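Now for the letters of each chain:
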Amino acid sequence: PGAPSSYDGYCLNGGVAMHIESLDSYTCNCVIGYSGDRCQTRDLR
């Protein structure tokens, strides 16, 4: 389970590529305003 496999064009903005194995796998930390786990929902804040 997870998506470490490729961290290419894996984040959209805040995208601080941090392995969240902890809870799941590899993810990005998006800005306070961009979330959804990929800063794909740039909730412009």
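Residues numbered from 1 in each chain as written, not as in the entry; some residues may be left out. Heavy atoms only, no water.

For the protein chain, the PDB entry supplies the name EPIDERMAL GROWTH FACTOR and the organism Mus musculus.

Colleague: Even after reading the chapter, I still don't get the overall build of the protein chain, so can you show me in this structure?
Modeller: Counting secondary structure elements, the protein chain contains zero helices and four strands. Along the protein chain, helices and strands appear, N-terminal first, in the series β-β-β-β. C-alpha atoms of the protein chain, sized along the principal axes, occupy 30 × 20 × 15 Å. Split into buried and exposed, the 45 residues of the protein chain put 22% on the buried side. For the protein chain, the proportion of contacts with a sequence separation of at least 24, taken over those separated by at least 6, is 20%. Summing over all exposed atoms, the protein chain offers an accessible surface of approximately 3,300 Å²; the carbon and sulfur share of this is 48%. (Helix = DSSP H or I, 4+ residues; strand = E, 2+ residues; numbered from the N terminus. Buried < 20%, exposed > 50% of the residue type's maximum accessible area, 1.4 Å probe, protein only. Contact = heavy atoms within 4.5 Å. Areas by Shrake-Rupley, 256 points an atom, 1.4 Å probe, with all protein chains shown as cover.)

Colleague: Help me understand the pairing of strand β2 (residues 26-29) in this model?
Modeller: Consecutive residues of a regular strand have side chains that alternate between opposite faces of the sheet. Strand direction decides the pairing type here: strand β1 (residues 16-19) and β2, joined by four bridges, are antiparallel. Considered in β2, the bridge of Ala17 is made with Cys28. The loop that links β1 with its antiparallel partner β2 comprises six residues. (Pairing = 2+ DSSP bridges.)

Colleague: Hey, could you run me through the nonpolar core in this one?
Modeller: Across soluble globular proteins, nonpolar side chains show a tendency to be buried alongside one another. Of all hydrophobic cores here, the largest spans six residues; its members are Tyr10, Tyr26, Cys28, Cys30, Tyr34 and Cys39. Not counting the four nearest positions on each side in its chain, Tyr10 is found in contact with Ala3, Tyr26, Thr27 and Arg38. (Core = buried A, V, L, I, M, F, W, Y, C linked by side-chain atoms within 4.5 Å.)

Colleague: Looking at this structure, how should I read the UniProt feature "disulfide bond" in the protein chain?
Modeller: Of the UniProt disulfides, the one joining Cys11 and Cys28 is intact in these coordinates, the sulfur pair sitting 2.0 Å apart. Pair noted here: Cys11 is in the segment before β1 and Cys28 is in strand β2, with a separation of 17 residues, a long-range link. Judged by relative accessible area, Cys28 falls into the buried class, the value being 5%. Judged by the 2.5 Å criterion, the UniProt-annotated disulfide of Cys30 with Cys39 is present, its S-S distance being 2.0 Å. The buried category is assigned to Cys30, whose relative accessible area is 11%. (Disulfide = S-S within 2.5 Å. UniProt positions renumbered as here; feature names shortened; annotations may be inferred.)

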